[PDB]
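What follows is a short report on a single structure.
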Amino acid sequence: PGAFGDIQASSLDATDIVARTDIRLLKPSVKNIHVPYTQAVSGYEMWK
Amino acid sequence: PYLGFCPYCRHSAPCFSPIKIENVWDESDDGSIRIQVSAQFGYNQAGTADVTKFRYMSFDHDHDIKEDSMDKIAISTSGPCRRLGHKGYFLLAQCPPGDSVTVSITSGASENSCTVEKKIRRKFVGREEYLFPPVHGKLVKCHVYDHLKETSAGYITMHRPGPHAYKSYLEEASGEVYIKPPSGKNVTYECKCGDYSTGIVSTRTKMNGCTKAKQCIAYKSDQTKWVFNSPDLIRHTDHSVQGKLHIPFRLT
Amino acid sequence: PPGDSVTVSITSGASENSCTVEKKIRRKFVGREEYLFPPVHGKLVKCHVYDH
Amino acid sequence: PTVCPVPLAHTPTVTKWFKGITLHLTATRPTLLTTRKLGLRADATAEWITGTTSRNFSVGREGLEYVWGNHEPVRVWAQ
Amino acid sequence: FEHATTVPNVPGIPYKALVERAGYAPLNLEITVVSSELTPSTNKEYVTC
Amino acid sequence: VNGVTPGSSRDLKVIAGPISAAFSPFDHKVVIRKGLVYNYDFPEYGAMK
Amino acid sequence: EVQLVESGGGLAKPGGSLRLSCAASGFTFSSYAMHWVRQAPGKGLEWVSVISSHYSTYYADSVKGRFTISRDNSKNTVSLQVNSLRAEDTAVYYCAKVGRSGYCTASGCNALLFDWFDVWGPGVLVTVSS
Amino acid sequence: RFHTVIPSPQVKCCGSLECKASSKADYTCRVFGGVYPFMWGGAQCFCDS
Amino acid sequence: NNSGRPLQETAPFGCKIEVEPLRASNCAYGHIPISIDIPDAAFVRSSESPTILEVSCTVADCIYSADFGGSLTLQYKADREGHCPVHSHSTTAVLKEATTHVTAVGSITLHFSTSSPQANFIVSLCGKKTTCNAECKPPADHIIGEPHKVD
Amino acid sequence: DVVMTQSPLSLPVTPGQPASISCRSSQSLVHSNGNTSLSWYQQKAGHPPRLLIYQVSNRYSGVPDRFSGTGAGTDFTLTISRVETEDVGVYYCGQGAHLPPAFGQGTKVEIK
């Protein structure tokens, strides 16, 4: 995660996308419905 | 036309608007910006194409689909943004540099806005900075979002809307829970008030064993529409892919 | 919004009367991390705001 | 006085070695990391970081304490 | 009976000992410093703002 | 923990201390601001600068 | 008091049609699956059909393509339209309410599949003859 | 750049749910207990616990 | 502007500063000489504690870490079923259990934490002693988020 | 389809003495909850059937205590501890855990 090639696939249209981005969901805290989560930056952008 | 939970409404607080942004793209070399809100654009009340107006979600317990015109939507990041195009779910506009993007509808004195953070930076193409494309210069390869409405950068998946509860449907009287569906709409209801119970009522109906209004839920079965896979809706039981719509303004 | 001076203006039609005074108003925040806006999800911490 | 909502930064990744840590940090915005030793000498340091980076910190037997953004303090003790 | 020892000032840690009287059965004795509070006496000089 | 004051629980009497090594994180004079504490050598009362 | 009245039966010709109605009272009508059962003279009963509180309709194999169960929750009734009548359709038809419509487990709470019929109407006679 | 798609959430708000296994890129799922979530009425559930 | 970092991050010994009243909480430093007048009724006449006829100690795999990284087993023959108190008589090894139910015959497994590479200490059960002898390996991990229970 | 069989088809009885009706299913009738969907009904001449037992052991309200239900798996029994004159009629076991619901052919109970 957080580095180049963090997400990979054989092709743009290939459906076998594999990624390891260190996404972890967080327990909801606010009364209202929503999904909290945290994640590493896109390592593609980091390389860019 | 779903309504969802914008992090920044008009005043200070997160709240529910029909024009929440959820995601933004800013990769076009011209700085053209493509926005997706829960609202629609270029369609009339039944959904048929009509450029001058748009339809969106209602702020009422009947929660039908309401409408307005293009002349009262505005886009602004640091200063006002010039709209370039619109296609159903999607917008595209030129914006000055800034740290966040704001979509605002001004239905007279009814102002409803959503703002979302995005560090839009003035970008350029070539080996030198420049404020504007000069009149004279070399012609080089670039990529700009195609202003044409009928292009396609991809597709997005839509599903049947899930349950959408309300409280005007419910009521507490003499320690008994009643339902009050609006006129002529078969409204499905359920709860355990003790043992579990479910059905559909089209008229004011009483419930047995139900001591508190918070114990039950009622909502109309609106399966005649498709909604985006938004993260601020409780989906239907069967979340099968049921529609795809094109992502306009392909980065050509 | 953040700025270097504050301006009050009355627009009595074309009768424009304004006063401007310097004040380095800086976008401030609370906590141990800067942020543009109060996020939807996060910890609930002590603050002091002017009562509306 | 009242309450405010404040973000929680990305939880860092601990990469470890003989008497010490290497915290891998990601923060889109200036966020404050503050650490201090748990012995006689605090040797506390505080600094604001942006982007993504990594910081090596020596941990003694007495231990080390670190606070990342608004997350609660975290304690450690070397072997 | 009286028993004396010297625990380490570390909050929350158990410290165990076995008090052994002359003929009676040995008795366990465990101590945790659940909390500590080092408070001095202070006087208010003034306020400023 | 002074070697004098006893703690009591209904049958148990105990006496603690004094500390092996005295310590205080606070210097002689401190400043309080919204729960934050600083070891600042503030000027004495009446000695405004 | 919980009550079911049946109506609409009588004499009929084979190949004909008739609509039966069952009006219910004394309970939350919308909250339960309604059943039509049958017993012709001298035989045991015979389950015919059910309509769920979600308007989900199930039928016995012998009644496919001819019997249609429907319901209106507003006026608290369940009806059975019968088409292509024949001789062995002659029977007393009973409108039946389950004492319980489903149960709840840790995976959720479920629909029509029941444990017992608590209420039966007096039943209405249909006689198909030439 | 990955686009992080978050499907619409689900509540079995007095039963029990389990996180199944999918084949999506970097798929992640988790279960939470007492939430009692509000969307636009102020309640989307019975059995707040 | 130039206040600097307040004491909530600067005070050594990792102890938390709190106001109204000003104080430092949970501050680990030094040692407390503590003396307790135990009530006599707490004790029990040794004629009632279950006199173990024999005990043999066998140290299992042990690792000298901050946590209870070691374990052992005591094979015991006793005369009566009771509640023997167990203790370690070394300053470099501390048990996890304090008292264990004891039968006429059996074996009890115990957990302990030590700082020495060699575990050659003394254990008492209902008073009587036994030497536990073994080698404790270096810790596999470089940490635990838990203070060293032994110096 | 679940086949339900009752025995005996005819059960002459005497007031004051016990009697029993036996019931067999072709399949198990346990739910995911563990509750078993077998129910015993009595039908009098000219009257709709009236539930006696549900959830094989549980007695319905107002039913006399002399009625009882036992069994497991596919084998079940309804026991009258002390037959009365009003107890004559046709007794049926039925199930609801499988679609379509299936009922036993019924046993006629009459005074010897």
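Enumerate the amide H contacts of I:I144 below 5 Å, restricted to partners 5 or more residues apart or on another chain; note that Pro and chain-start residues carry no placed amide H.
Amide H neighbours of I:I144, under 5 Å, 5+ apart: D:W77.
At B:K123 and B:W226, where each label point lies 7 Å from the Cα along Cα→Cβ, what is the point-to-point distance in nanometres?
For the pair B:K123/B:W226, the computed spacing is 3.0 nm.
Across the stretch I:123-140, in residue order, what do the Karplus-derived ³J(HN,Hα) couplings come to in whole Hz, using 6.51 cos²θ - 1.76 cosθ + 1.60 with θ = phi - 60° and x for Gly and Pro?
10, 10, 10, 6, x, 7, 9, 7, 8, 9, 10, 5, 10, 9, 7, x, x, 5
For the stretch B:102-221, calculate the relative contact order in percent as a whole number, restricting contacts to Cα pairs under 8 Å that are 6 or more residues apart.
Relative contact order here is 20 percent.
Starting from the Cα gyration tensor of the protein assembly as shown, take the square roots of the eigenvalues, sort them a ≥ b ≥ c, and report rounded, prolate or oblate (rounded when a/c is under 1.5, otherwise prolate if a/b is larger than b/c, else oblate).
oblate
I need the P(r) histogram for the stretch J:30-112: all alpha carbon pairs, bin width 10 Å from 0 out to the longest distance, whole percents.
Whole-percent P(r) values from 0 Å outward: 17, 53, 26, 5, 0.
Taking neighbour counts of Cβ atoms within 10 Å as a proxy for exposure, in what order, fewest first, do A:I23, B:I73 appear?
A:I23, B:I73
Suppose a student asked you for the relative contact order of the stretch B:24-80, using Cα pairs under 8 Å spaced at least 6 residues apart; what percent would you report?
20
Between A:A14 and D:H71, what is the FRET efficiency for a Förster distance of 41 Å, r being their Cβ-Cβ separation, to the nearest 0.05?
The pair A:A14/D:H71 has a calculated efficiency of 0.60.
Determine the shielding of peptide G:105-114 by partner chains: average, over its residues, the number of Cβ atoms on other chains within 10 angstrom of each Cβ.
6
Under 26 Å Cα-Cα from F:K29, which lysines qualify once same-chain neighbours fewer than 8 residues away are excluded?
Reachable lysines: D:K37, E:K44, F:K49, I:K16.
Could you pull out every residue, at least 5 positions away or on a different chain, whose amide H is within less than 5 Å of the one on B:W25? Hs are placed 1.01 Å off N in the peptide plane, and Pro or chain starts have none.
The answer is B:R34.
In debye, nearest 20: dipole of chain D around its Cα centre with unit charges on the Cβ of K, R (+) and D, E (-)?
220
Rank these for me by crowding, B:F228, F:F42, I:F13, going from fewest to most other beta carbons within 10 Å.
F:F42, B:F228, I:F13
Please work out the C-alpha center-to-center distance from the stretch B:96-130 to the stretch J:75-106 and express it in whole Å.
75
Taking the Cα centre of the protein assembly as shown as the origin, how large is its charge dipole in debye, to the nearest 20, when only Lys and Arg (+1) and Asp and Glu (-1) carry charge on their Cβ atoms?
It works out to roughly 1580 debye.
How well do other chains shield peptide G:43-56, expressed as the mean number of their Cβ atoms within 10 Å of each residue Cβ?
Averaged over the peptide's residues, the number is 4.
Based on the Cβ-Cβ distance of I:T51 and D:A46, what FRET efficiency does E = 1/(1 + (r/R0)^6) give at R0 = 41 Å, to the nearest 0.05?
E between I:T51 and D:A46, to the nearest 0.05, is 0.10.
Set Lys and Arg Cβ to +1 and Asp and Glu Cβ to -1, take the dipole of chain C about its Cα centre, and tell me which of C:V49, C:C19, C:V6 lies farthest positive.
Ranked along the dipole, the leading option is C:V49.
Hey, how many Å between the Cα centroid of the stretch I:115-151 and the Cα centroid of chain E?
Cα centres, the stretch I:115-151 to chain E: 24 Å.
Modelling each spin label as a point 7 Å along the Cα-to-Cβ direction, I'd like the B:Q45/B:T203 distance in nm, to one decimal.
2.8
What nm value, rounded to one decimal, do you get for the distance between H:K12 and B:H239 when each label is placed 7 Å out toward the C-beta?
So the two model labels end up 1.4 nm from each other.
Can you tell me the FRET efficiency between F:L36 and G:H54 if r is taken as the Cβ-Cβ distance and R0 is 60 Å, rounded to the nearest 0.05?
The calculated FRET efficiency here is 0.50.
Taking θ as phi - 60°, what are the ³J(HN,Hα) couplings along the stretch G:21-37 by the Karplus curve (6.51, -1.76, 1.60), each to the nearest whole Hz, with x for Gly and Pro?
Rounded to whole hertz, the list is 10, 9, 9, 10, 8, x, 7, 6, 5, 5, 8, 9, 7, 9, 10, 10, 10.
In what sequence do J:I53, I:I34 fall when counting other Cβ within 10 Å, fewest first?
With the fewest neighbours first, J:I53, I:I34 line up as I:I34, J:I53.
What is the dipole size for chain G, taken about its Cα centre, with +1 at each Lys and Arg Cβ and -1 at each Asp and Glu Cβ, in debye to the nearest 20?
Approximately 300 debye in magnitude.
Would you mind calculating the relative contact order of the stretch G:1-42 from Cα pairs under 8 angstrom and at least 6 residues apart, reporting the percent as a whole number?
Reported relative contact order: 41 percent.
Based on DSSP, what percent of beta bridges with both residues in the protein assembly as shown are antiparallel, to the nearest 5?
So the antiparallel bridges amount to about 95 percent of the total.
How far is the Cα center of the stretch G:31-84 from the Cα center of the stretch C:20-43, in Å?
The distance from the Cα centre of the stretch G:31-84 to that of the stretch C:20-43 comes to 66 Å.
Skipping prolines and chain starts, which residues have an amide H placed within reach, meaning under 5 Å, of the one on G:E46, given they are 5 or more residues away or on another chain?
Counting only residues 5 or more places away or on other chains, the set is G:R38, G:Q39.
Apply the Karplus parameterisation 6.51 cos²θ - 1.76 cosθ + 1.60, with θ equal to phi minus 60°, to every residue of the stretch C:27-42 and state each ³J(HN,Hα) to the nearest whole Hz, in sequence, with x for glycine and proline.
So the Karplus estimates, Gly and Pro as x, are 4, 9, 8, 10, x, 10, 8, 5, 7, 5, 10, x, x, 4, 10, x Hz.
None of the figures in this text is laboratory data; all of them are computed from the coordinates on show. Cβ: placed from backbone, ideal geometry, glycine included. Neighbour counts: every protein chain shown.
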